């Protein structure tokens, strides 16, 4: 019963437009130094004439506060195979969902809608440990009369200084064809490069320390304009020339951004390890396949090609000092019937690039058990099986699994999602990999989508909402999403555990048994974080 309502919320609960107004005029936060922390300024107009509302900070200049508006996106259905307890927004969804973050400080307030601003504060290392407080001012208008509300935010800055994450690597398969579709660019033109740079930058600032390189276009579908950063020419039948300029430019750029580790494209097409990679040549203005679409991975054409490419890849890797900081891929999620196919490829690799060390999504243990993949990446559903065999490994999730498992879906509750870094830490993963940073377009088709109105690349329910991307295409690069922010705060919690000497076996992490059985309460997150930042 008030014309306008503002309150402050933790960055860990969602604010759906229907949700009733809160009061909450103060907010208490905990932060390590050399970190960034986040919160929500929520508002609900009780008037029926539309108005304007603008969100500013005062007294937080040294915190470098970045203010964004939480935009909404349609969500038609809940995802499949998620019990209601495990689903965010019961009673508010299906419906509108907060996800994209827009760079606006003043928006329109609409009648009886609840919306939020998302503030990120950069807690610098050179900050006195203690409580630092500032104000957020909300300015709106009732009729012609201007009004404001001042809200109070205090941050308990800890003595703890976060040190760069180490011995843990995160990679996403950012997509260059996705940029070329959503922005209508020629692949690798200057706008393409500008957007790619903005993406890799967004990644490394969110915890992604591995720069993926799509040297070969990664999809079974044949494109007219594929993302293949390796320039490949064929001056005679079967003689290949390789031009590394794009990959070189990429690697130089990524190193200038902060990347030290790099990941490469597969060498055999997915599901079965039975087909060669599609490799294209520029014919006038088109890109045509160098060979057939059905060309076998054991065919003399592909073997000849590899006997030329792999040594040249080696030359490049050494010349540029990439060889030790490069993960290489063979073929993904090989099923338990083309093991020998994989093994054939592996042995061909051994005979043609013995130096090469292989990393592959592999969820059946009787693959790592036999060191088929040098660095196996099970899906978290198989993490426990790899952990009884004591095979060191990475983890990945995509779409599956769901329900009680970890994911970062639209309907994954944010506290459950913030648990990611803790689970990576306590369960001693070597790294995390995800296919869906910015899969903005139509699954398996050279056709653009619309992330702002389709969250599953047109493949629900098989593809879950929010799985193909965590960023939204914006005019100059990615727009961060609430999920991306919470995930990066989660990786930052991994960094906290690291830089506070907390051991995976510490009893305060004890309830984190598997990637399915672990505390989802924001209360757990808050109190654990307290202990860690207070004793430090």
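Residue numbers count along the first chain shown, from 1.
The stretch 363-371 shows the higher mean C-alpha B-factor when 394-402 is compared against 363-371 in the entry. Judged by mean Cα B factor in the deposited record, 25-33 ranks above the other of 25-33 and 485-493. In the deposited coordinates, the residue among 247, 345, 199, 254 with the greatest CA B-factor is 345. Per the PDB entry, 154 shows the highest C-alpha temperature factor of the residues 416, 319, 260, 154. Ranked within its chain, residue 478 lands in the lowest third, by CA B factor from the PDB record. Placement of the Cα temperature factor of residue 106 within the chain: highest third of the modelled residues, per the deposited record. For residue 60, the recorded CA B-factor ranks within the highest third of the chain. Only modelled residues enter the ranking. In the deposited entry, the Cα temperature factor of residue 412 sits in the bottom third of values across the chain's modelled residues. For residue 468, the recorded CA temperature factor ranks within the lowest third of the chain's modelled residues.
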